[PDB]
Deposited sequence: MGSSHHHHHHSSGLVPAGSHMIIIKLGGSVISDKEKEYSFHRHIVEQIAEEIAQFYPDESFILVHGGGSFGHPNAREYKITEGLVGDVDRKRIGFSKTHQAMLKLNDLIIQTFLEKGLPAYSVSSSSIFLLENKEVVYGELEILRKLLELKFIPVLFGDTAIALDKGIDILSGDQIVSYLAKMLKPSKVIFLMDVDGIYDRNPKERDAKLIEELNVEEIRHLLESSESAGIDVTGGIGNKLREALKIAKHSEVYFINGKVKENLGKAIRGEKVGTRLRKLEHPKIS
């Protein structure tokens, strides 16, 4: 199954669009298209988080339900705008990135995907297309509405489609000790389960979802600012933090 999932962070695409960044990921992906299939998932940044926390989407369909539904739709549109920005950046570089609305195929419960539709994603990957999903608002079976993050989408896609690897693009070089902003913090080039539990005792949700994904595919945590990193993660070279498939 020649397929790799790539999670674009929210801080590597915005804070304002980072066009040169997305150009770099597109240039790096063009090295393997179309022999290797690729799925991308991008989060919020100056688009999704403002409207998501302004209308209290995570609160659910409680209180003023009409305003909550209106803000639900508004946040969906605001995320579609940034998705269009990314799609145009990918199309200018010759990559046939196709937008797939996350809220149109996924249903939520306990901030997790309990219902999904993936035949369209398979048909896109088969026809040498590159699907682009996003952390979105979503319908939740428990609290009416919720915020479906990109990590949960990646987890569901890893459990179902079973990619060869999942590569997270973060602002730091990878999984560090304590906090990367500290003066002393060594990069974990080889991350395992016990280390993940150690850091979880004290990100956080990302490491939980990574522990879940490692059951199906390898996981990479690489710095998205460096262009050559992604390729090194696709070819399997030593870069950033690597969590091998569980045995």
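List the gaps, meaning deposited-sequence segments with no CA coordinates, ordered along the sequence. Missing from the model are residues 1-18, 34-38, 226-236, 282-286.
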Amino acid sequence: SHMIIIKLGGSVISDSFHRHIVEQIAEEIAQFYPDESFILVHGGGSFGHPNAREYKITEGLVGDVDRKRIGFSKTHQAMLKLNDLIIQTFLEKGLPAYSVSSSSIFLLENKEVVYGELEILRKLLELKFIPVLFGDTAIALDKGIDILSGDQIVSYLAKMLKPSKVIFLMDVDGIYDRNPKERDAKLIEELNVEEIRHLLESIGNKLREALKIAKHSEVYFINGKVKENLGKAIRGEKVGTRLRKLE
From here on, numbers count along this sequence of modelled residues.
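No coordinates for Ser46 in a third or more of the other PDB entries: That residue is missing from at least a third of the other compared entries.
Across the other PDB entries of this protein that model residues on both sides of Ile13, is it left without coordinates in at least a third of them? Comparison shows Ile13 dropped in at least a third of the other entries.
Return whichever of 178-186 and 34-42 has the greater mean Cα B factor according to the PDB record. Between 34-42 and 178-186, it is 178-186 that shows the higher mean C-alpha B-factor.
According to the deposited model, is the average Cα temperature factor higher in 210-218 or in 54-62? Per the PDB record, 54-62.
Could you check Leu127, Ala97, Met160, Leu82 and tell me which one carries the biggest Cα B-factor in the deposited entry? Comparing C-alpha B-factors across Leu127, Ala97, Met160, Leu82, the maximum falls on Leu82.
Comparing against every modelled residue in the chain, figure out the third that the C-alpha B-factor of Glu92 lands in (lowest, middle or highest). For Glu92, the deposited C-alpha B-factor lands in the middle third.
Quick check for you: using the entry's CA B-factors within this chain, is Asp171 in the lowest, middle or highest third? As the PDB entry reports it, the C-alpha B-factor of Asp171 lands in the highest third of its chain.
By its CA B factor, does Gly9 count among the lowest, middle or highest third of the modelled residues in the chain? Ranked within chain, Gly9 CA B lands in the highest tercile.
Lowest, middle or highest third: where is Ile70 by Cα B-factor in its chain? Middle third of the chain for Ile70's C-alpha B-factor.
Name the third of the chain's ranked CA B-factors that contains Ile29, choosing lowest, middle or highest. Its C-alpha B-factor, which the entry lists for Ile29, ranks in the middle third among residues of this chain.
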